[PDB]
Each structure stands twice: as C-alpha cells, then as structure tokens.
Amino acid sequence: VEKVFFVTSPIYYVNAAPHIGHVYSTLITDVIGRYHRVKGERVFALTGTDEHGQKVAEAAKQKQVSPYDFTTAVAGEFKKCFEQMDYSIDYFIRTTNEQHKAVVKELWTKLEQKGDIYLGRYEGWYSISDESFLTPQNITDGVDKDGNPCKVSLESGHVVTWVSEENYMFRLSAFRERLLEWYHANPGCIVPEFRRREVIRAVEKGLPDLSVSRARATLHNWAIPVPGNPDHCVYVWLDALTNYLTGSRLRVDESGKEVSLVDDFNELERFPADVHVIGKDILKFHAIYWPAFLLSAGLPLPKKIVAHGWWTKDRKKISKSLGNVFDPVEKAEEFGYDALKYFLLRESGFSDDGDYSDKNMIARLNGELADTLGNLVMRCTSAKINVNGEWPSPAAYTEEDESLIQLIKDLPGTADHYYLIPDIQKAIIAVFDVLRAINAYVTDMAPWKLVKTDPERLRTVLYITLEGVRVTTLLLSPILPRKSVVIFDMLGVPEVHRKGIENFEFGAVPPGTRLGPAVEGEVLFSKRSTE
C-alpha cells in the first residue's frame, strides 16, 4: 500500500506560551517524518494549535483581550517557536480555520446519521484545564488558588467542577467490543506496550457514553456550533481530534498556506495517520474516543499511537511560578540546536519521564557528540591521516576489518526497525554502538602510524572508517539534520548519496571521491566546560 506517510503531533492549547512539552512532541513528530523522507518516501508531517473551548476562552478573558486576538497572538508564538526550532513540518493547522470547521460539521453529521449521537445529560466532574470528563474515582481533595478546599483531578491535579447539563451524547458504550478487537488484532498499534495494556484494561472495564456537546454559554460562545442546534457547541476534543482528518484533506502551497480543502481523504492519500505522536496525558482521547468516532463514521483507523512521558529539570517540576524554567530555544542557543535535539531524544525513552540538567547535557555533548562522533569525523578527514584528501581504494580485508564491516552492514536494518516501532532512543543507541566500535577499530589500527609504516594498509583502514562514518551519519540525519550536512560536506558525499535506501548499502560512495575543503580550526561539536 503506497501512500503518503502521515505523521502528526498533538495540536496544543493556546492558553499560554509554548514550552518544552510542545517542542518535544513536535520534535518526535519531526524526526519520524525526516526518517521516512530519508528513505525516499512521501511524507506529510502535521502540527498545530487547539484554539476553542472554555479553557482557552477563560485564558483570554484573564488577559482581558478578545479570543480572536488572543488565539491569533499565541498561535503566532507557537509558529515562531517551531520556526526557530528548525523543524521540517509540512503544515501548521489552527482549529479556528474555516475549512477545519466544515470538516468538523461533516464528521458530526456522519456520527449523527449513523445513529450514534442522541440528546442526553452529563452530570459529573469535569476538568476545564484538561477539557476532560472524570468519574468520582478519578478526583480527590485538594486546594484551589485562594487556598480553599476543593476537588482536583487525580491525573493532573487541576481543579474539577461539577457539571449538570443537557448535552448531545455519543454512544461510546457501544464500541467496547470493536475497540478491544482492534487492540488485539493490532498489538503494535499503541506504544510503549505498558500504555497499550492500560488502554485495554480501561476499555475492558466498560465505557460510558460521552458528552460531545455543551451549552453555548458555558463555553462563552468560543466553539463550533452543533449542526442543526445553535444552543449547543461541539466538544472541544471532538473538534480537536478532527484536525488530523482536516489536515489530511488540505492542499498546501509553497509558503505553507492552505489553499484548498478536498472532498474526500483518498484524494491526498494521507489519511489515516501512520503515527500519532502524543503525550501520555491525552492517551484516552486518541486510543479510545478517536477510534470510536472513526468506526462510527466508517473512516479507517490510525496505524500507531506513540505516547511519551513528561520532562522535569534538575529532578523538579518545570514551572515559571516556581523557580525552575526550561526554555528550549535558550538552551539551543547555549548548546546547539542539533545537540539539544539529540539530548532530548537520547536521554529518555517514551516509557520514561525524562530529566534535563546542564550537567547531563554537557556530558552527552562532550562524550557522545564531540568525543565519539566529532573526533571520528575529524580523524578520517585530517590531512595528517588522509594525505590525499579522498576516499581511498581499500586493499584486502582482515577478519578484524570484516567484523566492523559486518556491524556497519547490519546497522541500517536494525535502526530501521527501531524508527518504525517507533523507539528513537534505541535507534540512536544502535548507531552510537557502531560509532564506538569504529573508534575502537581506529584506536586499535593507529592509522597515524600507518601513514609512514604501511600506506597500503592505511587505505583499507581509512576506507572502512569513512564508510562507517557515512552510514552512521545517514541514519542519524533525522536526529542531527544540520550537523549531518556538515559531515557529508566534510566527507565530500555527493548530494544523491545523502538519502534513499540504495545508500543504506555499504560501499555506496566510490573510492576516489574527493573530501570537501577544510576550514582552519572549524570543529564539528566544540566541547564545553563542566560547571
């Protein structure tokens, strides 16, 4: 099934400025997209902002501005931040978009015509901050911002309020069996595995019907009207999840501006998502509600949902109100963009809540990027070792030579599998296991002595090293997109050989290829003092 590989991030609430969590989710989306482009596939990578709802409306009122001006301004902050982060995202969607609204109304009407929406009541707890309905088992006692006793979410700790409203209800209870059948038929469809198990357990227990509208006053009229009923607004989450469908149907011009909404998703060959990237906090929406809506509407289901953890800094919660900020742009200016991306993707897996510190950041940058990767690139390109400034023609390979070559040949298949799970941390570790092996081979062969002692042997050692650096760098190119270009330039790898599965093969760059010119004193990753 040849198709556009479709990868998404969440669309973020615009109640406040963008921060590490948004940057991280979008980074993961970006990396997955980049890897599939490197394989020569068609890719559409989507990110954006979730701009309706009571949460956003009350954030605007607290700043005392119009919701239109507020959402526009904060959406602009997200766009600027992502531009600065140097992603390769194909479209940035906003739920205030008029074509998105049309797709939401269309989907609603399909659900209704299917018989899965009825007029009922919700009486229960709601978290405005999570826009989430909660049972009494999912709240506990806590304190409000005036210090008074209130109820709070056990999941998020935000304040909950009791809602009692005549609402349109979606028959979620009727999809239990079909959802379980979907999880069991596709046991890789939620990653990591323990989060898949959580979803299955939750759905096993039973599902209540879900409120998919609210009275218009509650939302301060900042939402999409229910087709045929002006007194109701569409649940912000049904509106929000629909962004994935809208995005799959938007034709986008060179400037990244939407110019047309197509009638049917098949026309652009994107829907359904191959990967939805999300945080663990929004798993039920994506793994339970979304597939149920899609089943009701007769739409195909996503292939994989990958849910990551939440970051801390110096083992404490990241917060402006407390004394612990973590600004990605600032840290990227300090340590480098590719380096910061590397750290975020290497330091933690999707099953973990990662922790940043300047100490650990510096140790990875010095140890892995400078001492392992950078040092190797400089060694095989130096005029002192590579006297002719080119890829030599290798002579006969020893067993030691071949053992390293085997690792280099095996690497693409292994990295590929990890990128597809996806488990980016493991992909990175696999590549760096090969970089460490190449370094120990270089140390063991001492090519600097071979220049005088055995130039023929040096040709072999040097060729293996160059090719190892090239293959590893290609597989890291989604992680270090700017630095990989610098590496390929230093190596003189022609543009055509910088992507495509043909170039996963050992030996793709021929002997006699000239290295790129040298710039005096210009290192790849400069080591930084440990403060």
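Quick note: we count residues from 1 along the sequence shown, nothing fancier. Between two forms, the rigid core is defined as the largest C-alpha subset superposing within 1.5 Å.
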(request) Find the stretch among 353 to 361 and 110 to 118 with the larger RMS C-alpha deviation in 9 other deposited structures of this protein, all structures being superposed on the shown form by the rigid core. (result) 353 to 361
(request) Would you mind working out which of 395 to 403 and 305 to 313 sits farther from this form in 9 other deposited structures of this protein by RMS C-alpha distance, with the rigid core as the fit? (result) 305 to 313
(request) For residue 280, record whether it is unmodelled in at least a third of the other compared entries of this protein. (result) no
(request) Would you mind checking whether residue 379 is unresolved in the model of at least a third of the other PDB entries compared? (result) no
(request) Could you settle it for me: does 64 to 72 or 493 to 501 have the higher average Cα B factor in the PDB entry? (result) 64 to 72
(request) With reference to the PDB entry, specify whether the mean Cα temperature factor is higher for 475 to 483 or for 55 to 63. (result) 55 to 63
(message) Given 308, 101, 284, 313, identify the residue with the highest C-alpha B factor in the PDB entry.
(response) 313
(message) Highest Cα temperature factor in the entry, among the options 335, 175, 293, 118: which one is it?
(response) 335
(request) Pull the Cα B-factor of residue 347 out of the PDB entry and bin it into the chain's lowest, middle or highest third. (result) middle
(request) Taking the values exactly as deposited, rank residue 194 by C-alpha B-factor within its chain and report the matching third: lowest, middle or highest. (result) middle
(request) Ordered by C-alpha B-factor within the chain, which third holds residue 518? Give me lowest, middle or highest, please. (result) highest
(request) Determine, from the deposited record, the chain-internal third of the Cα B-factor for residue 11: lowest, middle or highest. (result) lowest
(request) Classify residue 432 as lowest, middle or highest third according to the C-alpha B-factor given in the PDB entry, relative to its own chain. (result) lowest
